[PDB]
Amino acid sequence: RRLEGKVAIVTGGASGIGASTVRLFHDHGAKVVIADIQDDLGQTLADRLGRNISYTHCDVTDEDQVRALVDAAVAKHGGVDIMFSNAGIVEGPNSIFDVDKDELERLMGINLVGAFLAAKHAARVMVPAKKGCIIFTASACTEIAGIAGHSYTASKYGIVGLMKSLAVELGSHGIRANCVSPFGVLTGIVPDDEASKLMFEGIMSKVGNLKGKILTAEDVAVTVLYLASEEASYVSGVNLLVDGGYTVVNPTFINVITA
């Protein structure tokens, strides 16, 4: 319903938040090109959801693969309304001494250069149409320290800055650009069924500021749907946190004086 006839690309679409968004976009009448490098999981998802959902292999660090992915999408569906640049790799809290120069450049390539290229070539086909929507997956670490690694933190800050520059430049052509910044969702790893899922959703239940709710990838997908739809038709330049208020509080003082 809400994305009837819209064409959307989702990088990192074969798993996690990307997969949830591909599924949600599908349920709302969108044509979605899943862009990923886990070809077996990604093609399975596209085949599983039917004719509007195609899979395209794209390593977002390779500009030629990104260029083709976008050119293929316009060729297939006539244009791209929504670019959800979501591919990235994750680092938990670490030390500056744990930062290896090669692993920093590797993460910057996937997380930040990939966002640049995905945006550049989405803009390439959106600007002539004078319409379109670019959404980046950032992270709640963009608003509070203590929940992600140094290299990762710098890369997501860089995305926020890129998102704001594009919101201005592409505003002249009627195109919006925003970020969604989730607070830790269960994804990836070996799904150590009960062991990993119970341990995660028990930690997050003590860590979160908003009690009685656990953030799932499906929750993030719904916020992406909001940003991508005409219900957000005047929303641009925004880094929208989905974090239950985690980033607005430092509870140390209150914890210390009462315990």
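Residue numbers run from 1 along the displayed sequence.
- Task: Look over 191-199 and 26-34 in the entry and identify the one with the greater average Cα temperature factor.
- Result: The entry gives the higher C-alpha B-factor average to 191-199.
- Item | Residue stretch of maximal mean CA temperature factor, 172-180 vs 77-85 | Result of the comparison: 77-85.
- Query: Which of these, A138, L166, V127, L186, has its C-alpha atom at the highest B-factor, as the entry lists it?
  - Reply: So the option with the highest C-alpha B-factor is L186.
- Task: Compare the CA B factors listed in the entry for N209, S54, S233, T223 and report the winner.
- Result: That would be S54, according to the entry.
- Task: Using the B-factor values recorded in the entry, state whether the Cα atom of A19 falls in the lowest, middle or highest third among the modelled residues of its chain.
- Result: Highest third.
- Message: Quick check for you: using the entry's CA B-factors within this chain, is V7 in the lowest, middle or highest third?
- Response: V7: CA B-factor falls in the middle third of its chain.
- Quick one: classify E143 as lowest, middle or highest third of the chain based on its Cα B-factor. Its C-alpha B-factor belongs to the lowest third of this chain's values.
- Name the third of the chain's ranked CA B-factors that contains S229, choosing lowest, middle or highest. According to the entry, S229 has a C-alpha B-factor in the chain's lowest third.
- Message: Could you place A259 in the lowest, middle or highest third of its chain by Cα temperature factor, using the values in the record?
- Response: It belongs to the highest third of the chain when residues are ordered by C-alpha B-factor.
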